[PDB]
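Let's start with one chain on its own, the form solved without 2-methylidenebutanedioic acid, as structure tokens.
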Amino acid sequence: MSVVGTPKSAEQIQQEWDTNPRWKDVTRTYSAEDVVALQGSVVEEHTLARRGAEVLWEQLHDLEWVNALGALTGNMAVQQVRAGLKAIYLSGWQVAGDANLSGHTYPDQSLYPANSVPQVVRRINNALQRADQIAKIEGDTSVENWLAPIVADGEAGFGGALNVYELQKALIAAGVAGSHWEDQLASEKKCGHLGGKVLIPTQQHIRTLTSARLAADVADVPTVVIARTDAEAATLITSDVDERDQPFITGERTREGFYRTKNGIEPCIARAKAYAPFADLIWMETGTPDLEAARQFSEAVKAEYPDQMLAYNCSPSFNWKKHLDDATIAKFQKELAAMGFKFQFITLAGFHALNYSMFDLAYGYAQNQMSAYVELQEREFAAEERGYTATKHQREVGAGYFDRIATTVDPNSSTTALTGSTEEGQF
């Protein structure tokens, strides 16, 4: 007795893959019965993972494109949604630099503990849930969906296929909507715009993508799976065993045993085609934001997979006005969307906004003390016309929500917070 969490049958899963348009052109090299064999006798429901992934998939098909900014704190995601954005990007670079479970500042080389990104996903969802709870008790209808989908960095999976599986499962438990996975050797992982990258064989990354899909299937959620290739700049590969990689092997070896390979858009197109049956979106890391190179990649991939959606990193590692003029910057995302780049994001937006704004404030305070803080406060007061609410800082973090819990439990409590506050009297 008790049927809570009973797993679906293999036939139900198979019928869903056979008939739901979500799974059009999605290859699974394992079976529905393989999935059920791994589920035990109770499947935990992952509400935020399910809802986020369904919302993301529909926005990728209903909006001209979905764009996002890198968030590394929960308040930062709340402001992104308040300001109108409809998805959140969770950067692994930013987690390494300023939000991972070791407590350390790291460059983007897979140095932090592998459950760090799941913990930030959970944090972001907690923060959006609080904003949603506050808005409900305030009757604030100005944001349609506080639970914007989160797209998170799975890096190179922190090891083998089993590490990929466990990371994807942990991201789902935390409520992620989509995750991306790149074809680098995890032990030598680099930021796509850092040097010295080592690729893994094409088939090994297909194994990674298959493992990420399997973890989503076993968890019963339709997570958006994104394949990333680092072959534009990488000049090293671990092995020449894969026949699709051999055209680019030069035969030269390094002291460590790696193989030198010829980099460029050509191996990226070849890998993207190989990954397409296994990814919902395909992403080419690139050293410069270049509309023409984007079109060449876009058109080469859609020659084979006309419906394949693409993702694009508008990266802060680029110096945007020493390779482009203002008119191209202003149309950049709109043109990319027309080539099929349906998910576009600024990875390190949060790092730069956080670091610049604290430097600016702290430098003024160093010279002029309170005059510098009053400047920022006036800018916040101004931003209230645009919908900024964090000026009322007590309600922003839920003081009114917890007052409501308190008076629900005890309508006659003499210790409520907002009653008799300096926010109630000066703001």
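Each form is matched to the other, and the largest set of C-alpha atoms that superpose within 1.5 Å is called the rigid core. Only residues modelled in both forms are compared. The first residue of the shown sequence is 1; numbering continues from there.
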{"property": "Segment of higher mean CA temperature factor, 384 to 392 or 63 to 71", "result": "384 to 392"}
{"property": "Residue stretch of maximal mean CA temperature factor, 194 to 202 vs 217 to 225", "result": "194 to 202"}
{"property": "Residue, from 149, 118, 107, 316, that the PDB entry assigns the highest Cα B-factor", "result": "316"}
{"property": "Options 234, 101, 143, 87 - largest CA temperature factor per the record", "result": "143"}
{"property": "Residue 130 CA temperature factor, ranked by third within the chain", "result": "lowest"}
{"property": "Record-listed C-alpha B factor of residue 344: chain third", "result": "middle"}
{"property": "Chain-relative CA temperature factor third for residue 289", "result": "highest"}
{"property": "Ranked C-alpha temperature factor of residue 28 among modelled chain residues, by third", "result": "middle"}
{"property": "Assigned third (lowest, middle, highest) for the C-alpha B factor of residue 123", "result": "lowest"}
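Just so it is clear, the following notes concern the form deposited with 2-methylidenebutanedioic acid bound, a form of the same protein that is not shown.
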item: Contact test, all of 34, 214 and 278, partner 2-methylidenebutanedioic acid in the deposited complex, heavy atom 4.5 Å; value: no
item: Contact test in the deposited complex: residue 341 vs 2-methylidenebutanedioic acid, heavy atoms, 4.5 Å; value: no
item: 2-methylidenebutanedioic acid contact at residue 347 in the deposited complex, heavy atom, 4.5 Å; value: yes
item: Contact of residue 228 with 2-methylidenebutanedioic acid in the deposited complex (heavy atom, 4.5 Å); value: yes
item: 2-methylidenebutanedioic acid contact in the deposited complex: residue 283, any heavy atom under 4.5 Å; value: yes
item: Candidate stretches 231 to 239, 74 to 82, 206 to 214, 88 to 96, one within 4.5 Å of 2-methylidenebutanedioic acid in the deposited complex by heavy atom; value: 88 to 96
item: Within 4.5 Å of 2-methylidenebutanedioic acid in the deposited complex: residues from 100 to 132 (heavy atom criterion); value: 108
item: Residue showing a 2 Å-or-more C-alpha displacement between this form and the one not shown once the rigid core is overlaid, selected from 122, 190, 213, 342; value: 190
item: Threshold 2 Å Cα movement between this form and the one not shown for residue 9, core superposed; value: no
item: Rigid-core frame, C-alpha of residue 413, shift of 2 angstroms or more between this form and the one not shown; value: yes
item: Outcome for the Cα pair residue 215, residue 191 in the deposited complex, compared with this form (closer or farther; change of 3 Å or more); value: farther
item: In the deposited complex, shift in Cα separation for residue 253 relative to residue 190, 3 Å or more; value: closer
item: Core-superposed comparison between this form and the one not shown, runs of at least 3 residues with CA shifts of 2 Å or more; value: 186 to 195, 411 to 418
